[PDB]
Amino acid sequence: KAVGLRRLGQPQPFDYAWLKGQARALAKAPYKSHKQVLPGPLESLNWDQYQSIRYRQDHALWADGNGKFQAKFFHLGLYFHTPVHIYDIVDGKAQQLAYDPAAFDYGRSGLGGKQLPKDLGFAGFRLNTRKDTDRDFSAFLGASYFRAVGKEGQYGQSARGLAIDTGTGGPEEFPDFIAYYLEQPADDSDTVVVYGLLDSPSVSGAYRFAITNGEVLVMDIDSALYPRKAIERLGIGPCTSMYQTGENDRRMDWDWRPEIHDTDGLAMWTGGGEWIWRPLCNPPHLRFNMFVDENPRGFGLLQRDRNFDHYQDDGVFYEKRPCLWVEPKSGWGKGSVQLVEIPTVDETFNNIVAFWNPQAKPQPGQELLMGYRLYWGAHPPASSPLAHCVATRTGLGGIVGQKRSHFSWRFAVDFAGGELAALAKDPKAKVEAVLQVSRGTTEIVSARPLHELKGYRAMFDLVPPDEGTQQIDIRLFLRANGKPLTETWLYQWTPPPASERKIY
């Protein structure tokens, strides 16, 4: 039977307006690092020691009550040298939770009998239903990172509170959540509300996360930001994923597993009403791309291929990993969805980052309010009502069985859904591939039924305009009678250098 948790200090009145006040005040002073040298035995644990530490079910927050949820806490150490102070809100008042050795099984860490302060803090927290106390439906841990899962329960990509100067070629600035306030839900509530205080060299913030667990998990998020400095590249709603290899891009096809990625595309629903699918790549050099928009309806990183046959990893279940969809609340005005793709040689590094960059540079003293909903699960809650891109495949161009007189690259793009089944069965149906390329030229263009999918396949060869490796953008959709039949496929290709072209 669970016990009450050890506390620190007395309850203090708490609400979102109060937290926005703390964050604004925090931005009025220069940034001071929150990283600490931890007490001696804690400062240099190894992986094995750290991993053996376990938070005890009998000290899980709220598990002594009658509600549907509970929380457990991650211990500091190993990677986590920035204390996070955790508070419980009851009747409108926030009480800090003490670091309590009785709440941990220390395993092989050697931490028992050390004299660790009551104000040590934590590394983060995780939430669990009371019906299923070993399953984490969300986990907030490290910097401003957090993750959640839907029904399938397999962890994959991450979100963050905020991204700053990702992919600039210069150094990235990583904000931290330095405090979390967990609001005790009503006994019959399906929601857990968590508040977060964020600080970073450039900016402070106050965050409210209303987390509703479900088959697709939803978080209703409000953020109030208070810059301390001008910010070159602010990133709202950042999604953080990994793409090593797959049909979209076989450059790093060194593995026996054919698809290795936590997500395979960036999806966008534009203010103008367009649906876009942008297949993720693993490029040879860092690539930064922006998609200009105004009042965006949504963007996110999806794991659209959910067929185990294409992944084959019965250890980590890539095909079950969640989509993450960002849905702006209200109008965010002008800006761009931005995508950073970093080269990676393996699947241990998150080489994909996507976020929203406002047009206007934030300025010291200003308040910036940004709200959105995040959906985690097998499918985003919104998608194109037209046919979706269900596969992208590429390879060396040129008519098979003829001499090849020049370098080109071949693309095959498969669409299914909407009304393509009926069109594919109509021998008179005329479907037009619509192609626009940033540079270079297309040849051997076709759009034809793909009966095996009850869909359509577009194929084209792309001839780069020169011997250089400047990125080439291709926009493709299918159409009939004044209406698009598909969402828009937007691919960004880094041509090979002349030396590689010569081998071909």
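All residue numbers are counted from 1 along the displayed sequence.
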item	value
Between the two ranges 289-297 and 72-80, the one averaging a larger CA B factor in the entry	72-80
433-441 or 33-41, whichever carries the higher mean Cα B-factor	33-41
Maximum C-alpha temperature factor, selected from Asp165, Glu319, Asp132, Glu341	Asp132
Selection from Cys323, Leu374, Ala103, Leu225 [criterion: highest C-alpha temperature factor in the record]	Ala103
Among modelled residues of the same chain, the CA temperature factor third for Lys483	highest
Third of the chain's Cα B-factor distribution that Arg56 belongs to, per the entry	highest
Entry-reported Cα temperature factor of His261, expressed as the chain third it lands in	lowest
Relative C-alpha B-factor of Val345, binned into the chain's lowest, middle or highest third	highest
Chain-wide C-alpha B factor ranking for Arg448, given as lowest, middle or highest third	middle
